[PDB]
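Peer 1: One structure coming up, written as structure tokens, with questions to follow.
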Amino acid sequence: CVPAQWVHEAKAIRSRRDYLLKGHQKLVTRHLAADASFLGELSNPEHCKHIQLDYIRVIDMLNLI
Amino acid sequence: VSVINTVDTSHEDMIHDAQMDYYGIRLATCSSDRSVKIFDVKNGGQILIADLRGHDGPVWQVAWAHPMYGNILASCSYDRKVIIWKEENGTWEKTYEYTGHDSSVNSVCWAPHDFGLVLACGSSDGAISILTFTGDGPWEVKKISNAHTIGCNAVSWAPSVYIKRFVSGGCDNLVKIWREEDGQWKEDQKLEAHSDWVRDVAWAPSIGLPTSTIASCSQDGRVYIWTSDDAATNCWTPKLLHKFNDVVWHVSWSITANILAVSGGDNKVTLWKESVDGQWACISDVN
């Protein structure tokens, strides 16, 4: 199919039917709460940094410390 | 009337409406026993998952919400109430219930998923209540009183192509379309072509195409495919699909080709495609 950034959009829909990383490619905070693995958390933090909840990010950094 | 029903009495079994899930996984049903059964169809085999009981009267129509809001199903009934069932890990509990109409609730439909999570509901009192989702479990209602003269049967939301237009039929013979201004809804137009009670009214999905169509069926036994020639011109020109000697109960649009499934008349359901000549034709007899 002709190039467009529609791949993330299709992948995200599939995940909903049946994930967070795919969506990246409130909810994040909830995910962190569920994950009160470590590498995945670091990746999520990196994604948050890319997006930049700031206080939550700071808390995550403190946890990493 | 009484004579026709007693002739076969096949049953096996009576049900009103039943709609497939998005993603084609589940199949919610409802029947006159007040029971909202959710089946699952993996590989073509029907399997029951839950019998959501909770209506004081027979459930009428049923509609799945978009999977972007989790897994939600709403059903209305003759009990004057509408139920919204959420799902949390197989936890099919009702997260909200609405009882704002004084007479039976003939139909429900979900707004196209972009507008949010809006549910539109037409009563038999002549009022339709719309439920809009907020942050948590609050649901604020935008009610239209005296929408149709003796009650409403159908509610349908046209696919998005901003401004949202909804066309509904009722038992005054009028297929009213709807428009919203500052916040409340107003009747953009009335459509009088039926000689008796409008049964169902389906707003065909736009194939990206701007020539928006709507289908309607009534007690007169006629099916009309009302058309709008262009965007922003208040011209709905009706065109007769067919007339049967008996009532037409339900009308539904097939997604791609705009094939009309005409349910009604003689216990038979017909399929129709508009020819290359603009006349509608029956493709086949189902059953």
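Residue numbering restarts at 1 for every chain of the structure tokens, chains are lettered A, B, ... in their displayed order, and ligands are numbered from 1 as they appear.
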Could the residues of chain B within 9 Å of chain A, counting only C-alpha atoms, be given as a PyMOL selection string, please?
Peer 2: chain B and resi 22-23+67-68+70-71
Peer 1: Please give the complete set of residues from stretch 194-240 of chain B that DSSP, run on the backbone, assigns to strand (DSSP E), formatted as a list in words.
Peer 2: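 Of stretch 194-240 of chain B, the ones in strand (DSSP E) are residues 198, 199, 200, 201, 202, 203, 213, 214, 215, 216, 217, 218, 222, 223, 224, 225, 226, 227 and 240 of chain B.
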Peer 1: What does the distance between atom CA of residue B:201 and atom CA of residue B:175 come to in Å, to one decimal place?
Peer 2: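 Straight-line distance from atom CA of residue B:201 to atom CA of residue B:175 works out to 7.6 Å.
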Peer 1: Would you mind listing what lies within 12 Å of stretch 19-31 of chain A as JSON, numbers by chain, with only C-alpha atoms counted and same-chain residues fewer than 2 positions away left out?
Peer 2: {"A": [5, 6, 7, 8, 9, 10, 11, 12, 13, 14, 15, 16, 17, 33, 34, 35, 36, 37, 40, 41, 42, 43, 44, 45, 46, 47, 48, 49, 50, 51, 53, 54, 55, 56, 57, 58, 59, 60], "B": [135]}
